[PDB]
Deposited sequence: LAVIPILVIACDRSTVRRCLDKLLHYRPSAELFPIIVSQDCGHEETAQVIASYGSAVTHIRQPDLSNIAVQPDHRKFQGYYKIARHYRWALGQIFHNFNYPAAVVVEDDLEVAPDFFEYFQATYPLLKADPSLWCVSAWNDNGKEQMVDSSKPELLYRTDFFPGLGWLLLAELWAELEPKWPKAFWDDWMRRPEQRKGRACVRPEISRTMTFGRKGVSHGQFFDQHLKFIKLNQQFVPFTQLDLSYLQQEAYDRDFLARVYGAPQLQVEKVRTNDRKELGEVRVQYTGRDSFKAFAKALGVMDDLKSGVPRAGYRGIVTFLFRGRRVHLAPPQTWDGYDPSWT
């Protein structure tokens, strides 16, 4: 077992209480999962709420509350500049001042699943061992109830789309990102290829975080003992052979046949897309997120979006000749 801090990003919402109450209720050990609450903004009521938890958490305060000079295209986005400054300061605190080896980053509007800690404890060794991974996330971007298999709460995947929303990173990655941290829109900046460098994140079939106060993502409620499972299938070499053979070995169905629930005997199928317009159209037809960041679809892996549709496993996939993302798919 390893020590992994939880870094909570807070500011001016008193409801950080709900976030902390759930983290503290499910935390298995204070020693294994120290909680550090970084509060920006100087909102007095929120500070009093965090302080009331005492030694159960460590309360740190972003020091520079000044307004930030924004570029000419960003007059409406001061808040995004402040968020980026806060993340830079808080992550620096976690990795430089506290000297932790990794951290799970969570925002104050997230509620955790019962197995949130078990999940990160089990996946941290994979992140440490596989250089092709750069994070573990608790979030399934297409995680609404009707799109996930409730009988497979233990199932995990690789994704090229950095989901944020409860994510684990190594101190080594902060060393790489810190020198070029952006002025604003930090998460979309991490999604650019110049930052991602082809690396993936682990993500679950059923989300381990949910937002409150995205609202339709289902929070897992069945505890899965991930530390007792064999997660070797997530190693790049095994995954890229087996999961891909599975996707391309599955029968192909036209999107309208999947939409209307035709050929129900086929419990796992592939819907093939061929260009940006067909991807957007097919994703919309099947109720899957259709937006792309730097050409990567939500929850996509080698261009493949996997989800459940009317109880059937569906892989919305490009032709197997796929060889990289095109950022122009906007």
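Counting the deposited sequence from 1, the single stretch lacking C-alpha coordinates is 214-226.
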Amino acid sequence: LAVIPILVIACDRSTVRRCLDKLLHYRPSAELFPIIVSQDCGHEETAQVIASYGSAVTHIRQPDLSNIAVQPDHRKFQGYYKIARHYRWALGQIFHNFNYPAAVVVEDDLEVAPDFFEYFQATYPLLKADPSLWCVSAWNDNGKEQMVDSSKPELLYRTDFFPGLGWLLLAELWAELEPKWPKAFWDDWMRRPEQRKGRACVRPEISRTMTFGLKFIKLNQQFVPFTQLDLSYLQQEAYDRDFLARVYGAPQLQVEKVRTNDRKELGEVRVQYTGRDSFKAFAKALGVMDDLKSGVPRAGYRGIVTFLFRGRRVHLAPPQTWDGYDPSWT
From here on, numbers count along this sequence of modelled residues.
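Judged by mean Cα B factor in the deposited record, 92-100 ranks above the other of 92-100 and 152-160. For the segment pair 301-309 and 66-74, the entry gives 66-74 the higher mean B-factor, averaged over Cα atoms. Highest CA B-factor among 251, 114, 166, 204, as stated in the entry: 251. The PDB entry gives the largest Cα B-factor of the residues 225, 179, 143, 193 to 179. Ranked within its chain, residue 296 lands in the lowest third, by CA B factor from the PDB record. In the PDB entry, residue 288 places in the highest third of its chain by CA B-factor. When the CA B factors of the chain's modelled residues are split into thirds, the value for residue 23 lands in the lowest one. Sort the chain's modelled residues by C-alpha temperature factor and residue 17 lands in the middle third, per the entry. When the CA B factors of the chain's modelled residues are split into thirds, the value for residue 83 lands in the middle one.
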